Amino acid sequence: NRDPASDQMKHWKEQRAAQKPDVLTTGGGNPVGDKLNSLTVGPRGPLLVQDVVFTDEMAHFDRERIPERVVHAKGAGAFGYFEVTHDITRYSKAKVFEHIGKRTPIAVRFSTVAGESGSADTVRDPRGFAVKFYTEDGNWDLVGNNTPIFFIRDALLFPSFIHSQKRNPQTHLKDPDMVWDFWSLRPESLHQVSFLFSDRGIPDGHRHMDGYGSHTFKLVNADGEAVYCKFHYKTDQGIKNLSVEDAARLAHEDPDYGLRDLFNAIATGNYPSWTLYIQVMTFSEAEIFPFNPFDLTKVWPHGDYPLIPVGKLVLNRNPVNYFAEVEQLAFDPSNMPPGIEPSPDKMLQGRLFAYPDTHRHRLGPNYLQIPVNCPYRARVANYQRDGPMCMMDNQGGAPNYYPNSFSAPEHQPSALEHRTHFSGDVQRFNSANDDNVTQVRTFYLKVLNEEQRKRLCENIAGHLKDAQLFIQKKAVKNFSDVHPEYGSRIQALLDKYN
């Protein structure tokens, strides 16, 4: 026959022999007599306002669309479980990790970053890989990317970043002057631009890319003892990327390639897994790391900070409804249950605010009562009330002020955050001159071969070539700065294009 994505209504149906279709209703639950013909006066007369079946249905249609995600708009989702397989209780007191063999439910959305909702899956772009955990200490969202780093170290430059990756305000076209204006003007961006224009620029579907936490977290054990960490969830399927020729074909041939693939795997019993690892950095090694340990354009070298296994991530259930379980999923970085905690990472500190900020806009004030976003494995008790589309019982008649003499919920000291000491001037510190090339240099000399170096250059120039020459000029200087051949392998190509 065909692939399961395709046999969907076929199966929805096959699955009801206990048929006799339900009665077609309005949303008030009133049964409908004819839903194929509006109510008129005479067969060629006008439409009655009394056709409250027409307006019910139409009124709902005209209201189906919610704003798409400001970034990472296009994606795929699925459900499965995280299972502990080693213990790190030394490091963390978090329930999710509390005992080998433990399983917590998880949801996952894969996505690209700049394309809007009808774009093609198979484009060079970073790739979102978000994991929501339904722990007993509430949800813990780990909003990762398939890259261990990023383009920038200060959240303040993010709007701009993204603006320049999107489209011209006048033209609505993608503009290389904007792409390359930004990047060349901010070379802290070289580390990841180097990751992006390499073979991993475009994964073969979601199942063949790694997920990284990128940021540095802080893990706190049951004694008050803290350490810094990095999460890596590696693919059990391997790395597999699509050549750029392969990607052009599929972008037209199957814009949704990655959704189809993810659906089909799971459907046929071929469940993707990823192994979750943590690198750990004590507070002292942190005082000596030759770089800012909290700098998103930086990785922690594995000879120095070897990876430690934590458990597995298995994806084994497809959505029944996309809209309701993938379009409405809201991942917040700030959803950290006791034992996990943010670091001074400038980029992380702004994600603390942004995610819930846009969730209240896109979805609504109360988007945490959306079945899928509900910490259902825990028990919510607080003094928050009311607000639009308030679904639950709104916590009944329980005292809504704190504190009170009437047995309403109480705070629990064992959940206090970890005491840490900060001294300094309230000022805005430059970070543009932190080291922009070392790690980059090595990446290009020792992490990537010669084929790859020839490739990462052609791909780069293949795009760069369309900015204005000034922009080229500056772009290449920066490249030149990371390694002289990086620079002039690129100029060579650019010359020949130009």
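Note that residue numbering begins at 1 and tracks the sequence as displayed. Only the largest set of C-alpha atoms that superpose within 1.5 Å between the two forms is called the rigid core.
Novice: Do you reckon 472-480 or 13-21 strays further from the shown form in 6 other deposited structures of this protein, measuring C-alpha RMS after a core fit?
Specialist: Once the cores are fitted, 13-21 deviates more in 6 other deposited structures of this protein.
Novice: Of the two stretches 243-251 and 117-125, which shows the higher Cα B-factor on average in the entry?
Specialist: The deposited B-factors put 243-251 ahead on the C-alpha mean.
Novice: So which stretch wins on mean C-alpha B-factor, 9-17 or 472-480?
Specialist: If you average the C-alpha B-factors of 9-17 and of 472-480, the larger mean comes out for 9-17.
Novice: Among 157, 315, 390, 296, which residue carries the highest C-alpha B-factor recorded in the PDB entry?
Specialist: When the deposited C-alpha B-factors of 157, 315, 390, 296 are compared, 390 is largest.
Novice: Out of 69, 60, 446, 44, which shows the largest CA B-factor listed in the entry?
Specialist: The listed residue with the largest C-alpha B-factor is 446.
Novice: Tell me, lowest, middle or highest third: where does the Cα B factor of residue 343 rank within its chain?
Specialist: Within its chain, residue 343 is a middle-third residue by C-alpha B-factor, going by the deposited values.
Novice: Would you mind ranking residue 332 by its C-alpha B-factor against the rest of the chain and naming the third, lowest, middle or highest?
Specialist: Its C-alpha B-factor belongs to the lowest third of this chain's values.
Novice: Comparing residue 306 with the other modelled residues of its chain, is its CA B-factor in the lowest, middle or highest third?
Specialist: CA B-factor rank for residue 306: highest third.
Novice: Quick one: classify residue 236 as lowest, middle or highest third of the chain based on its Cα B-factor.
Specialist: As the PDB entry reports it, the C-alpha B-factor of residue 236 lands in the middle third of its chain.
Novice: By the recorded C-alpha temperature factor, relative to the other modelled residues in its chain, which third is residue 362 in?
Specialist: Lowest third of the chain for residue 362's C-alpha B-factor.
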